[PDB]
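To start, the structure under review is shown below, and the notes come after it.
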Amino acid sequence: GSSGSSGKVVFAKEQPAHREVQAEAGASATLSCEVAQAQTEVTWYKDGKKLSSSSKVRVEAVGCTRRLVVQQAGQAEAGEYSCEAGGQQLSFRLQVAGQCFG
């Protein structure tokens with residue numbers, strides 16, 4: 001009758017609620033974040049949109065560290081990324097400096 005785990009932590013406890021990151025136009029951004037567990041998987045979300053690993057964005061997962069490399073960080077890429085995982089997710093405001101045709 002009674003079942004169900006409790007107190008489940010996906011990410012660390014020493015992590016901020018909002019990681020404001022800055023980047024230059026045409027540069028390659030990088031949003032790193034630790035995880036309470038490696039085996040656990042994470043999914044980035046831009047403006048509430050499931051991010052996909054493409055020639056532009058690359059979802060790197062080194063052990064207990066999920067880093068997202070955004071090549072050619074431009075206005076389009078600039079916004080608010082959320083590293084979702086299990087039942088929790090952090091924030092990351094990717095700001096783009098200057099501009100670049102295209």
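In the structure tokens, the first chain shown is A, the next is B, and so on; residue numbers restart at 1 for each chain, and ligands run from 1 in the order shown.
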
Handout entry: Residues within 6 Å of residue 69 of chain A, only C-alpha atoms, excluding chain neighbours under 6 positions, as number ranges by chain
Key = A: 29-30, 57-58

Problem - residue 51 of chain A surroundings by only C-alpha atoms, 12 Å radius, close-in-sequence under 3 positions cut, as a ChimeraX atom specification - result: /A:42-48,54,56-59,68-70,77,80-84

Exercise for the section: Fewer than 5 positions away in the same chain doesn't count, so skip those; otherwise give me all residues within 6 Å of residue 94 of chain A, counting only C-alpha atoms, as a PyMOL selection string. Expected result: chain A and resi 21-22+78-79

Next, dump the selected residues to file, keeping only C-alpha atoms, as a PDB file, in the first residue's frame.
```pdb
ATOM      1  CA  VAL A  21      26.963  33.596 -18.574  1.00  0.00           C
ATOM      2  CA  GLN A  22      28.408  36.084 -21.061  1.00  0.00           C
ATOM      3  CA  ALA A  78      21.361  34.324 -26.736  1.00  0.00           C
ATOM      4  CA  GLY A  79      18.575  33.694 -24.240  1.00  0.00           C
TER       5      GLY A  79
END
```

Problem - DSSP strand (DSSP E) selection over chain A, as number ranges by chain - result: A: 19-24, 29-31, 43-46, 49-50, 57-62, 65-70, 81-85, 88-89, 92-97

For residue 40 of chain A, list every protein, DNA or RNA residue within 9 Å, evaluated using only C-alpha atoms, and leave out those in the same chain fewer than 5 positions away; present the list as a PDB file with N, CA, C and O atoms, in the first residue's frame.
```pdb
ATOM      1  N   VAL A  10      18.963  15.504  -7.983  1.00  0.00           N
ATOM      2  CA  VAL A  10      19.605  15.242  -9.265  1.00  0.00           C
ATOM      3  C   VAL A  10      20.922  16.002  -9.385  1.00  0.00           C
ATOM      4  O   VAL A  10      21.956  15.424  -9.724  1.00  0.00           O
ATOM      5  N   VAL A  35      26.548  17.375 -11.419  1.00  0.00           N
ATOM      6  CA  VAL A  35      25.373  16.536 -11.211  1.00  0.00           C
ATOM      7  C   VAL A  35      25.581  15.578 -10.044  1.00  0.00           C
ATOM      8  O   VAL A  35      26.650  14.986  -9.895  1.00  0.00           O
ATOM      9  N   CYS A  64      30.638  13.541 -14.315  1.00  0.00           N
ATOM     10  CA  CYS A  64      29.617  14.247 -13.548  1.00  0.00           C
ATOM     11  C   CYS A  64      29.617  15.735 -13.884  1.00  0.00           C
ATOM     12  O   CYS A  64      29.473  16.582 -13.001  1.00  0.00           O
ATOM     13  N   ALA A  85      17.152  17.776 -15.677  1.00  0.00           N
ATOM     14  CA  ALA A  85      17.654  16.455 -15.321  1.00  0.00           C
ATOM     15  C   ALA A  85      16.788  15.811 -14.244  1.00  0.00           C
ATOM     16  O   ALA A  85      16.782  16.249 -13.094  1.00  0.00           O
ATOM     17  N   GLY A  86      16.058  14.767 -14.624  1.00  0.00           N
ATOM     18  CA  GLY A  86      15.198  14.081 -13.678  1.00  0.00           C
ATOM     19  C   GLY A  86      13.990  14.908 -13.286  1.00  0.00           C
ATOM     20  O   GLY A  86      12.953  14.859 -13.946  1.00  0.00           O
TER      21      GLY A  86
END
```

Exercise for the section: Please provide as a list in words all residues within 10 Å of residue 15 of chain A, with the sequence filter that same-chain residues fewer than 6 positions apart are discarded (counting only C-alpha atoms). Expected result: residues 33, 34, 35 and 90 of chain A

Would you mind exporting the chosen residues as a tab-separated table (two decimals), in the first residue's frame, restricted to N, CA, C and O atoms?
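See selection08.tsv below for the written result:
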```
chain	number	residue	atom	x	y	z
A	33	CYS	N	27.85	22.38	-15.62
A	33	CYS	CA	27.05	22.18	-14.42
A	33	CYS	C	27.28	20.78	-13.85
A	33	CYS	O	27.23	19.79	-14.58
A	34	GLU	N	27.52	20.71	-12.54
A	34	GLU	CA	27.75	19.43	-11.88
A	34	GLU	C	26.44	18.67	-11.68
A	34	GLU	O	25.36	19.25	-11.77
A	35	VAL	N	26.55	17.37	-11.42
A	35	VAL	CA	25.37	16.54	-11.21
A	35	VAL	C	25.58	15.58	-10.04
A	35	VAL	O	26.65	14.99	-9.90
A	90	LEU	N	18.57	23.82	-13.76
A	90	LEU	CA	19.16	25.11	-13.44
A	90	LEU	C	18.90	26.12	-14.56
A	90	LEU	O	18.19	25.82	-15.52
```

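Nearest-residue note for residue 13 of chain A: choosing from A:87, A:36, A:60, A:1, the minimum distance belongs to A:36, counting only C-alpha atoms.
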
Handout entry: Between atom CA of residue 52 of chain A and atom CA of residue 65 of chain A - distance in Å to one decimal
Key =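 Going from atom CA of residue 65 of chain A over to atom CA of residue 52 of chain A, I get 17.8 Å.
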
Exercise for the section: Determine, counting only C-alpha atoms, which protein, DNA and RNA residues have an atom within 7 Å of an atom of residue 96 of chain A; residues of the same chain fewer than 5 positions away are not included. Present the result as an MDAnalysis selection string. Expected result: chainID A and resid 22:25 73:75 78

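We find atom CA of residue 50 of chain A and atom CA of residue 91 of chain A to be spaced 14.1 Å apart.
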
Exercise for the section: Measure the distance from atom CA of residue 8 of chain A to atom CA of residue 31 of chain A in Å and round it to one decimal. Expected result: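 Atom-to-atom, atom CA of residue 8 of chain A and atom CA of residue 31 of chain A are spaced 23.5 Å apart.
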
Problem - Residue nearest residue 20 of chain A - candidates A:72, A:66, A:32, A:5, atoms counted: only C-alpha atoms - result: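 That would be A:32, the residue with the smallest distance to residue 20 of chain A.
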